[PDB]
Amino acid sequence: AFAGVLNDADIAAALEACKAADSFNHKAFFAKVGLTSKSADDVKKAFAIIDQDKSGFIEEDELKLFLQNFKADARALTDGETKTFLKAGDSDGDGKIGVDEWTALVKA
Ligand SMILES: [Ca+2]
Ligand SMILES: [Ca+2]
């Protein structure tokens with residue numbers, strides 16, 4: 001749980017909602033978890049947390065573990081949920097998400 005970035009109560013509620021396999025929706029999640037309200041600074045901080053290996057991009061393997069960044073015992077996304085999420089953010093087609101594609105994804 002992003003203790004110094006997001007309210008723990010909104011995370012619980014966002015995780016509760018996409019518990020069933022294939023029920024994940026990123027725009028629903030971002031809205032519920034409270035990330036959409038955030039400024040460019042906080043959105044960049046979120047990016048860094050998700051970019052587990054600090055390569056500058058969120059690769060497919062990290063995107064599949066997306067929920068675990070909020071709650072350690074959260075489920076992994078299905079390959080179907082991962083491909084959809086990937087395809088929505090990856091504006092340039094290199095197979096990964098950079099900080100600008102993330103910012104747009106979170107905000108638009
Ligand atoms: Ca990475
Ligand atoms: Ca990309």
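Both ligands and their constituent atoms are indexed starting at 1 by order of listing. Quick note: residue numbers are just sequence positions, from 1. What's counted below: heavy atoms across the whole structure, side chains too, no hydrogens, waters or symmetry copies.
- No other N/O/S atom of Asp92 lies as close to the Ca ion (ligand 2) as OD1 does.
- Between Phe2 and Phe70, the ring-plane angle classifies as parallel under the 30° and 60° cut-offs.
- With respect to the Ca ion (ligand 2), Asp90 has OD1 as its nearest N, O or S atom.
- At least one N, O or S atom of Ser55, from either the backbone or the side chain, sits less than 3.0 Å from the Ca ion (ligand 1).
- Closest N/O/S atom of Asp51 to the Ca ion (ligand 1): OD1.
- In summary, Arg75 and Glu81 engage in a salt bridge, as defined by a charged side-chain N under 4.0 Å from a carboxylate O.
- A salt bridge links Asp41 with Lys45: the closest approach of a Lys/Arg side-chain nitrogen to an acidic carboxylate oxygen falls below 4.0 angstrom.
- Within a 6.0 Å radius of NZ in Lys32, no more than 12 heavy atoms belonging to other residues, nucleotides or ligands are found.
- The Ca ion (ligand 1) has an N, O or S atom of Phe57 under 3.0 Å away, backbone or side chain.
- Among heteroatoms of the N, O or S kind in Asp53, OD1 lies nearest the Ca ion (ligand 1).
- Looking only at its N/O/S atoms, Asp94 has OD1 as the one nearest to the Ca ion (ligand 2).
- Considering the Ca ion (ligand 1) as centre, the angle to OE2 of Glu62 and to OE1 of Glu59 is 80° (10° rounding).
- One finds no salt bridge joining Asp90 and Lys96 here, because no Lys/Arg side-chain nitrogen approaches an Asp/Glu carboxylate oxygen to under 4.0 Å.
- Listed by chain and number, the residues in a salt bridge (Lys or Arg N to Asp or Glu O under 4.0 Å) with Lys27 amount to none (sequence neighbours excluded).
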